[PDB]
Structures are given as C-alpha cells and as structure tokens.
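Text of input-v6.txt, listed as compact mmCIF, C-alpha atoms and all ligand atoms:
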# COMPACT_ATOMS: atom_id res chain seq x y z
CA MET A 1 161.15 42.75 97.25
CA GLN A 2 162.78 45.51 99.31
CA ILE A 3 160.41 45.93 102.25
CA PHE A 4 161.25 48.46 104.95
CA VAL A 5 160.82 47.79 108.68
CA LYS A 6 160.21 50.85 110.85
CA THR A 7 161.05 50.92 114.55
CA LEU A 8 160.09 53.20 117.42
CA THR A 9 163.48 54.95 117.37
CA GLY A 10 162.95 55.67 113.67
CA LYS A 11 165.53 53.08 112.60
CA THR A 12 164.69 51.51 109.23
CA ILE A 13 165.79 48.04 108.09
CA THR A 14 165.49 47.19 104.39
CA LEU A 15 164.91 43.46 103.90
CA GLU A 16 165.11 41.51 100.64
CA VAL A 17 162.10 39.16 100.69
CA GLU A 18 159.88 37.06 98.43
CA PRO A 19 156.05 37.31 98.50
CA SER A 20 155.78 33.63 99.50
CA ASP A 21 157.94 34.18 102.60
CA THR A 22 156.21 33.87 105.97
CA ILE A 23 156.23 36.47 108.72
CA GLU A 24 158.19 33.91 110.75
CA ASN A 25 160.89 34.05 108.06
CA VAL A 26 160.81 37.87 108.04
CA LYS A 27 161.20 37.77 111.82
CA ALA A 28 164.16 35.39 111.45
CA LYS A 29 165.75 37.79 108.96
CA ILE A 30 165.46 40.66 111.44
CA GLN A 31 166.85 38.44 114.21
CA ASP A 32 170.01 37.68 112.22
CA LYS A 33 170.50 41.36 111.34
CA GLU A 34 169.61 43.10 114.62
CA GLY A 35 169.67 40.35 117.27
CA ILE A 36 166.04 40.86 118.30
CA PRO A 37 164.50 37.45 119.15
CA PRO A 38 161.27 36.66 117.27
CA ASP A 39 159.35 36.21 120.54
CA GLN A 40 159.93 39.91 121.31
CA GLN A 41 158.95 41.45 117.96
CA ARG A 42 155.51 42.58 116.74
CA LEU A 43 155.30 43.08 112.97
CA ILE A 44 152.45 45.42 112.01
CA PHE A 45 151.21 46.45 108.56
CA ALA A 46 148.55 49.18 108.28
CA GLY A 47 147.69 48.95 111.97
CA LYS A 48 147.20 45.17 112.07
CA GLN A 49 149.30 42.50 113.77
CA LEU A 50 150.98 39.99 111.46
CA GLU A 51 150.77 36.28 112.29
CA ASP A 52 153.83 34.07 111.92
CA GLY A 53 152.17 31.26 109.97
CA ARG A 54 150.94 33.50 107.16
CA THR A 55 152.66 34.87 104.06
CA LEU A 56 153.37 38.39 102.83
CA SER A 57 151.12 37.97 99.78
CA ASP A 58 148.22 37.09 102.08
CA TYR A 59 148.58 40.44 103.87
CA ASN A 60 148.98 42.20 100.46
CA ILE A 61 152.48 43.51 101.31
CA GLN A 62 154.27 44.57 98.14
CA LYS A 63 157.67 45.77 96.91
CA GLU A 64 158.37 48.92 98.94
CA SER A 65 155.81 48.37 101.69
CA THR A 66 156.83 49.50 105.18
CA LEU A 67 156.04 47.33 108.20
CA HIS A 68 156.38 48.35 111.85
CA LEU A 69 158.52 46.60 114.47
CA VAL A 70 156.86 47.55 117.76
CA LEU A 71 158.75 46.40 120.85
CA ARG A 72 157.46 45.77 124.36
CA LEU A 73 158.48 48.59 126.72
CA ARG A 74 159.13 47.84 130.40
CA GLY A 75 160.69 50.04 133.06
CA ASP B 2 152.01 74.04 118.89
CA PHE B 3 154.85 71.51 118.52
CA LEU B 4 153.52 68.57 120.45
CA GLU B 5 150.19 68.97 118.67
CA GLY B 6 152.22 69.33 115.37
CA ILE B 7 153.61 65.80 115.95
CA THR B 8 152.23 63.17 113.56
CA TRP B 9 151.43 59.67 114.85
CA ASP B 10 151.27 56.47 112.79
CA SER B 11 148.69 53.92 113.94
CA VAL B 12 150.17 50.50 114.77
CA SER B 13 147.12 49.20 116.68
CA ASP B 14 143.56 50.17 117.53
CA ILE B 15 144.74 51.93 120.70
CA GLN B 16 148.42 52.54 119.88
CA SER B 17 150.36 54.95 117.67
CA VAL B 18 154.03 55.63 116.98
CA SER B 19 156.10 58.67 116.08
CA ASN B 20 159.70 59.78 115.55
CA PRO B 21 159.85 63.27 117.12
CA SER B 22 162.94 65.44 117.53
CA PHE B 23 163.07 67.60 120.66
CA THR B 24 164.46 67.70 124.18
CA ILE B 25 161.77 66.62 126.64
CA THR B 26 163.05 69.12 129.22
CA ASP B 27 162.13 72.07 126.98
CA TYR B 28 158.40 71.26 127.05
CA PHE B 29 157.99 69.07 130.16
CA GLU B 30 158.89 69.06 133.84
CA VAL B 31 160.45 65.77 134.95
CA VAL B 32 159.17 64.42 138.27
CA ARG B 33 161.71 61.75 139.19
CA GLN B 34 160.14 58.73 140.92
CA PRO B 35 161.98 56.03 142.89
CA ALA B 36 163.98 53.10 141.50
CA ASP B 37 161.94 50.45 143.30
CA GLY B 38 160.67 48.56 140.25
CA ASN B 39 157.20 50.12 140.57
CA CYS B 40 158.06 53.49 138.99
CA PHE B 41 155.81 53.04 135.93
CA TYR B 42 152.86 53.00 138.42
CA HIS B 43 154.57 55.58 140.69
CA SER B 44 154.95 57.93 137.69
CA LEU B 45 151.30 57.34 136.73
CA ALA B 46 150.10 57.84 140.31
CA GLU B 47 151.78 61.25 140.48
CA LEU B 48 149.98 62.44 137.35
CA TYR B 49 146.58 60.77 137.91
CA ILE B 50 145.97 60.18 141.64
CA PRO B 51 145.24 63.59 143.24
CA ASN B 52 146.57 62.59 146.68
CA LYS B 53 150.33 62.06 146.45
CA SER B 54 152.00 59.36 148.56
CA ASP B 55 154.74 56.75 148.49
CA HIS B 56 151.94 54.14 148.24
CA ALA B 57 149.76 55.81 145.60
CA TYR B 58 151.28 53.38 143.07
CA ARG B 59 149.35 50.50 144.67
CA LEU B 60 146.07 52.17 143.71
CA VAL B 61 147.25 52.24 140.10
CA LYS B 62 148.21 48.56 140.22
CA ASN B 63 144.79 47.66 141.65
CA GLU B 64 143.10 49.57 138.83
CA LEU B 65 145.28 47.47 136.51
CA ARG B 66 143.87 44.17 137.78
CA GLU B 67 140.38 45.32 136.77
CA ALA B 68 141.82 46.49 133.44
CA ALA B 69 143.60 43.20 132.75
CA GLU B 70 140.44 41.20 133.52
CA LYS B 71 138.61 43.37 130.98
CA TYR B 72 141.13 43.75 128.15
CA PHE B 73 144.09 41.36 128.54
CA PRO B 74 142.34 38.54 126.57
CA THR B 75 141.79 40.95 123.65
CA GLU B 76 145.02 42.97 123.85
CA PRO B 77 147.48 42.81 120.93
CA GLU B 78 150.67 43.08 123.00
CA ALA B 79 149.26 40.30 125.21
CA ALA B 80 148.77 37.89 122.30
CA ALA B 81 152.58 37.67 122.00
CA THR B 82 153.14 36.51 125.59
CA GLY B 83 152.25 32.88 126.34
CA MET B 84 150.60 34.22 129.52
CA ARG B 85 146.84 34.01 130.28
CA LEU B 86 144.97 36.28 132.76
CA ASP B 87 145.67 34.46 136.00
CA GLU B 88 149.42 34.16 135.36
CA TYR B 89 149.69 37.82 134.33
CA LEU B 90 147.99 39.13 137.48
CA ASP B 91 150.25 37.00 139.69
CA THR B 92 153.37 38.20 137.87
CA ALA B 93 152.41 41.85 137.32
CA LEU B 94 150.79 42.72 140.66
CA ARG B 95 154.03 41.66 142.38
CA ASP B 96 156.53 44.15 143.73
CA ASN B 97 159.56 45.03 141.59
CA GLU B 98 157.71 43.88 138.46
CA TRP B 99 158.24 46.25 135.54
CA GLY B 100 155.22 47.82 133.88
CA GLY B 101 155.03 49.69 130.62
CA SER B 102 153.57 49.44 127.14
CA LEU B 103 151.20 46.52 127.75
CA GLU B 104 150.05 47.96 131.09
CA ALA B 105 149.55 51.45 129.65
CA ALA B 106 147.31 50.18 126.84
CA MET B 107 144.83 48.45 129.15
CA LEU B 108 144.86 51.35 131.62
CA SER B 109 144.14 53.81 128.80
CA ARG B 110 141.04 51.77 127.92
CA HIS B 111 139.75 51.13 131.44
CA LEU B 112 140.29 54.65 132.81
CA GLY B 113 139.36 56.48 129.59
CA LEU B 114 142.82 58.05 129.36
CA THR B 115 145.37 58.85 126.68
CA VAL B 116 148.90 57.84 127.72
CA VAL B 117 152.02 59.02 125.87
CA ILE B 118 155.40 57.38 126.47
CA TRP B 119 158.39 59.51 125.45
CA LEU B 120 161.74 57.74 125.00
CA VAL B 121 165.03 59.66 125.57
CA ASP B 122 168.80 59.47 124.70
CA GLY B 123 170.69 60.34 127.93
CA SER B 124 170.74 64.04 126.92
CA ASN B 125 166.92 64.33 127.25
CA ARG B 126 166.44 64.28 123.44
CA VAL B 127 163.47 62.09 122.31
CA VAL B 128 164.39 59.03 120.29
CA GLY B 129 160.73 58.14 119.73
CA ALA B 130 157.33 58.06 121.32
CA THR B 131 154.27 55.85 121.74
CA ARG B 132 150.74 57.10 122.40
CA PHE B 133 147.97 54.91 123.84
CA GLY B 134 144.64 56.49 122.97
CA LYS B 135 143.75 59.21 120.45
CA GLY B 136 142.78 61.95 122.87
CA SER B 137 144.30 65.39 123.20
CA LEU B 138 147.94 65.57 124.31
CA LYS B 139 147.24 68.45 126.72
CA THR B 140 144.95 66.09 128.67
CA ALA B 141 147.21 63.05 128.30
CA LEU B 142 149.41 61.39 130.87
CA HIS B 143 153.09 61.99 129.99
CA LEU B 144 155.65 59.33 130.85
CA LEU B 145 159.46 59.41 130.27
CA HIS B 146 161.27 56.19 129.24
CA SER B 147 164.87 56.81 130.30
CA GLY B 148 166.98 54.13 128.74
CA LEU B 149 164.81 51.09 128.17
CA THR B 150 164.75 50.43 131.91
CA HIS B 151 163.17 53.31 133.84
CA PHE B 152 160.01 55.43 133.95
CA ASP B 153 159.67 58.96 135.33
CA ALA B 154 156.64 61.25 135.27
CA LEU B 155 156.33 64.31 133.03
CA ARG B 156 154.11 67.32 133.70
CA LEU B 157 153.49 69.89 130.98
CA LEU B 158 155.22 73.20 131.76
CA CA A 201 155.18 59.77 144.54
CA CA A 202 137.68 53.67 138.96
CA CA A 203 164.27 59.17 116.86
As structure tokens:
Amino acid sequence: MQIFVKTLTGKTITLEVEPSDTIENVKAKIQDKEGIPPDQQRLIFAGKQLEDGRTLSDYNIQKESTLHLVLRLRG
Amino acid sequence: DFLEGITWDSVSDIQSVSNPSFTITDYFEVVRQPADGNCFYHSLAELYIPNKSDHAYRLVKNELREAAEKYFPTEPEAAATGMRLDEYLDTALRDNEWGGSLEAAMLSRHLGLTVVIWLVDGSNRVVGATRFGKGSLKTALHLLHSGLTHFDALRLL
C-alpha cells in the first residue's frame, strides 16, 4: 500500500505499508526517512488523530489514502 | 480575494492546514516584535490588546492560563505531550518559554477568535499555513512564523 503523508510545507512522503501495520510502525518509517522523532509527530486521517497502538485497517486507511503529519509549532 | 480563495484541509476540530503560494509582504504589514522568547504573546498582544505596551504580552499569557484550565485536558496537540495541566502552566507561564500552535488553539477557543499562522521561507514567501478556528480571515489574528523559531505580528494592509 502506497500511502501518502502530507506535511504543513506541502511536502509529501509516499510510504509502502501493509494494512496490519500499526501507526507506531508508520511513525517509525517516517522517522527513518525524515529524522522526525515519533514523539513529535501527529498522524491525522480525515481530521482525526491516529493512536500508536492501532492498525491502519482499523482506521479504514486504504491504498492511496493521504494522512497528515502535523508538527508542533513554537517560536 | 486571494486569502479568501485559499482552501484549508481540516486536521482537527479547531485546526486546518493549507499550502498557499504568495509573499506575505504583498498582503500583510509585518509588525516585528522583540526576540525575548515571549514574541508569540507579544505578536498576539499587538493585534488583540487595544492598549499597546512592552508588557501587554503578560495579559495574553494570563488569558492563556484560563484557556489551558478549560481546554488543555481535551486538546489534541496536548495529548501528545506527557504534561498535565499543572506542569504545563508552570512551564508555559514562565519567561522565555516559546508559545505557538498548542497555545493558539486554546486561545482561539477561549477568546472566540480565529488565529492563522503563516510560515515563511526567508524571502517572505509562504511555505504553509495553519488556521485555528473557522471564522473569517478578515477578522482573524495573523501571525508570521519566521523560520521555525520566531513569531511576528501581521496586520492586513
Ligand atoms: Ca508591543
Ligand atoms: Ca476575557
Ligand atoms: Ca509550501
């Protein structure tokens, strides 16, 4: 499954995943590719926050679904 | 009607995202606020508090304590942090503590405001934007995120 992750800058990361994979695993994939630690990343699908201990099939995320990586802004 | 022509994708109940393409200086006036660590609140105090002062930011931080008591337990960006209300207020109400996305969400709820954070590239071109609230953008509070480290106020021109 080629899911897309959308960021605030508009950057898009295509991840190869399996429906059984957990959000924690998806966060670990993004960490290895972009260096963003999983504690600092909010995955969001259809306006809802995704919990680490749950799977993609539970949130009904499919082949070309696009999640959102929303980062904490401080200044 | 460009800013109104901007389309926002909902990533929370109170939060939306967008990928706009424009230079913030063409549509906004930048009011630079000091690099004291309290500029998020300094940039909000310029746009919201009618009486301008070097200590108007404190009034914004005090309004934030009421807002955190009301909404921090139920805020999505607060579920990520391992912090609970009393820790957050001690950390956040301190001087040189950086405010931003989490603080803007609770303030938008408690003050009935729509807050838009525009992010720039070092040439004043927007790399992205976040809006807290779904109100009109001509009544919203406009904040500039220069780098990922600084906040200045924006007034519509
Ligand atoms: Ca001021
Ligand atoms: Ca009040
Ligand atoms: Ca962009």
Spatial neighbours of region 108-113 of chain B, 10 Å, only C-alpha atoms, chain gap at least 2 places, as a VMD selection string: chain B and resid 15 to 16 61 to 62 64 to 69 71 to 72 102 to 106 115 to 117 132 to 136 141 to 142
Neighbours of chain B in chain A at 6 Å, counting only C-alpha atoms, as a PyMOL selection string: chain A and resi 8-10+47+73-75
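Atom to atom, CA of residue 87 (chain B) and CA of residue 42 (chain A) stand 23.1 Å apart.
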Selected residue of minimal separation from residue 23 (chain B) among B:85, B:137, B:124, B:156, counting only C-alpha atoms: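 Once distances to residue 23 (chain B) are computed over only C-alpha atoms, the minimum belongs to B:124.
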Contacts of ligand CA 201 (chain A), 10 Å or closer, only C-alpha atoms and all ligand atoms, given as JSON, numbers by chain: {"B": [32, 33, 34, 35, 40, 42, 43, 44, 45, 46, 47, 48, 50, 52, 53, 54, 55, 56, 57, 58, 154]}
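Residues of protein, DNA or RNA having at least one counted atom within 12 Å of (157.0, 33.6, 96.1), given all atoms listed in the file, are residues 1, 17, 18, 19, 20, 21, 22, 55, 56, 57, 58 and 62 of chain A.
With atom CA of ligand CA 203 (chain A) on one side and CA of residue 22 (chain B) on the other, the separation reads 6.4 Å.
We find CA of residue 5 (chain B) and CA of residue 43 (chain A) to be spaced 27.0 Å apart.
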Contacts of residue 16 (chain A) within 7 Å, only C-alpha atoms, excl. fewer than 2 positions in-chain, as a ChimeraX atom specification: /A:1-3,14
Output C-alpha atoms for every residue in that selection, as a PDB file, in the frame of the given file.
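So part.pdb came out as:
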ATOM      1  CA  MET A   1     161.150  42.750  97.250  1.00  0.00           C
ATOM      2  CA  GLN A   2     162.780  45.510  99.310  1.00  0.00           C
ATOM      3  CA  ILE A   3     160.410  45.930 102.250  1.00  0.00           C
ATOM      4  CA  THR A  14     165.490  47.190 104.390  1.00  0.00           C
TER       5      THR A  14
END
Shortest interatomic distance to residue 27 (chain B) - which of B:51, B:107, B:84, B:3, counting all atoms listed in the file: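 That would be B:3, the residue with the smallest distance to residue 27 (chain B).
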Nearest to ligand CA 203 (chain A), chosen from B:138, B:114, B:157, B:126, with only C-alpha atoms and all ligand atoms counted in the distances: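 Checking each candidate against ligand CA 203 (chain A), we get B:126 as the closest.
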Best match for closeness to ligand CA 203 (chain A) among A:11, A:6, A:54, A:45, counting only C-alpha atoms and all ligand atoms: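 Nearest to ligand CA 203 (chain A): A:11.
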Nearest residue to ligand CA 202 (chain A) from the set B:73, B:49, B:89, B:119 (distances using all atoms listed in the file): B:49
